[PDB]
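Quick one: structure below, then a few questions.
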Amino acid sequence: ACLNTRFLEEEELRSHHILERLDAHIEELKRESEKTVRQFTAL
Amino acid sequence: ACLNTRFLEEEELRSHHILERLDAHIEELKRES
Amino acid sequence: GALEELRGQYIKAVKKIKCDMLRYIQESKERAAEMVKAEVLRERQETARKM
Amino acid sequence: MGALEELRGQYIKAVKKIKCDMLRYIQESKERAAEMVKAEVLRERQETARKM
């Protein structure tokens, strides 16, 4: 009944949010590493 | 109950597994580094 | 060169980590969805009662 | 040399944040599962009332 469906709907929302946070940590890595490469490559 | 207790049991096992193999993979690439 | 390749490897390694977490989260949703069917089926025991 | 340490440091930081996020997501998920155990023992009150 309605405990479990509402549980699932919550799971869905938390699934999207934890997903964002993972994409963030990746995008930050891409920006930090791109800068390290660019600047050390100038050497 | 025995439904939802069965549920909590399994999530304990499978969440412990996911953390295990992740701690393995961090130890992996740091020893590779 | 070497630094850009090393960057690509770290990126590809973390993306793998992300895939593992994704497959896990998908399995979360399936399990909680399987719960829904399981609760509907125990309602079946109580509607046999009501008959 | 320093680029290698930097890149290594950035990878480690990325994955250590992913682990922190999963650790909290999991702890939250188990509490929500435990809350679903309580909420349903309380739904037997309706059954035990029917039995009274």
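Ideal geometry is used to build each Cβ from the backbone, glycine not excepted, and the neighbour counts take in all protein chains shown. Any read-out appearing in this document is the output of simple, stated calculations on the displayed coordinates, not a laboratory observation.
Which entries of C:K29/C:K50; C:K50/D:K30; C:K12/D:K16; D:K17/D:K38 show an alpha-carbon separation above 24 angstrom in the structure shown?
Beyond 24 Å: C:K29/C:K50; C:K50/D:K30; D:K17/D:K38.
How far is the Cα center of chain B from the Cα center of segment A:1-32, in Å?
The distance from the Cα centre of chain B to that of segment A:1-32 comes to 18 Å.
Using every alpha carbon pair in chain A, what percent of pairs falls into each 5 Å bin from 0 up to the bin containing the largest distance?
Final binned percentages: 5, 19, 13, 12, 11, 9, 8, 7, 5, 4, 3, 2, 1.
Now for a different question. Could you please state, rounded to a whole Å, how far the C-alpha centre of segment D:5-52 is from the C-alpha centre of chain C?
13
Angle between the Cα long axis of helix C:2-50 and the longest principal axis of chain C, 0 to 90 degrees, nearest 10?
0
Which order do D:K16, C:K18 fall in if you start with the one that has the fewest other Cβ atoms within 10 Å? Please list the in-between numbers first.
On the way: D:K16 12, C:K18 17.
Ranked by crowding around the Cβ, least crowded first: D:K16, C:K18.
Still on this model: Give the order of B:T5, A:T36, D:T48 when sorted by the count of other beta carbons within 10 angstrom, beginning with the fewest.
So the residues, fewest neighbours to most, are D:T48, B:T5, A:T36.
Let me ask you something else. Once phi is turned into θ = phi - 60°, what whole-Hz ³J(HN,Hα) does the Karplus curve with 6.51, -1.76 and 1.60 give for every residue of segment A:5-16, x standing for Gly and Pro?
4, 5, 4, 5, 4, 5, 3, 4, 5, 5, 5, 5
Something else: What are the residues whose amide H is under 5 Å from the amide H of B:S33, where those residues sit 5 or more places off or on another chain and H is modelled from the backbone?
Residues meeting the criterion, in which the H sits 1.01 Å from N, do not exist here.
Also, quick follow-up: Can you give the helix-only mean residue ellipticity at 222 nm for chain C, where every DSSP H stretch with n ≥ 4 adds -39500 (n - 2.57) and the sum goes over all residues, rounded to the nearest 500 deg cm²/dmol?
Using -39500 (n - 2.57) per qualifying helix, the result is -36000 deg cm²/dmol.
Also, quick follow-up: As a test of the formula, what do you get for chain A when each DSSP H run with n ≥ 4 contributes -39,500 (n - 2.57) and the sum is divided by the residue count, at 222 nm and rounded to the nearest 500 deg cm²/dmol?
Theoretical 222 nm ellipticity from helices: -35500 deg cm²/dmol.
Place +1 on the Cβ of every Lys and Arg and -1 on the Cβ of every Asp and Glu in chain C, take the dipole about the Cα centre, and give the residue among C:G8, C:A38, C:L22 whose Cα lies farthest towards its positive end.
Value computed over the given set: C:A38.
Same structure, new question: What ranking do B:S15, A:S15 get, fewest neighbouring Cβ atoms within 10 angstrom at the top?
Listed from fewest to most nearby Cβ atoms, that is A:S15, B:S15.
So, one more: Determine the principal axes of the Cα atoms in the protein assembly as shown, then give the extent along each, sorted from largest to smallest and rounded to whole angstroms.
Computed over the Cα atoms, the extents are 83, 25, 19 Å.
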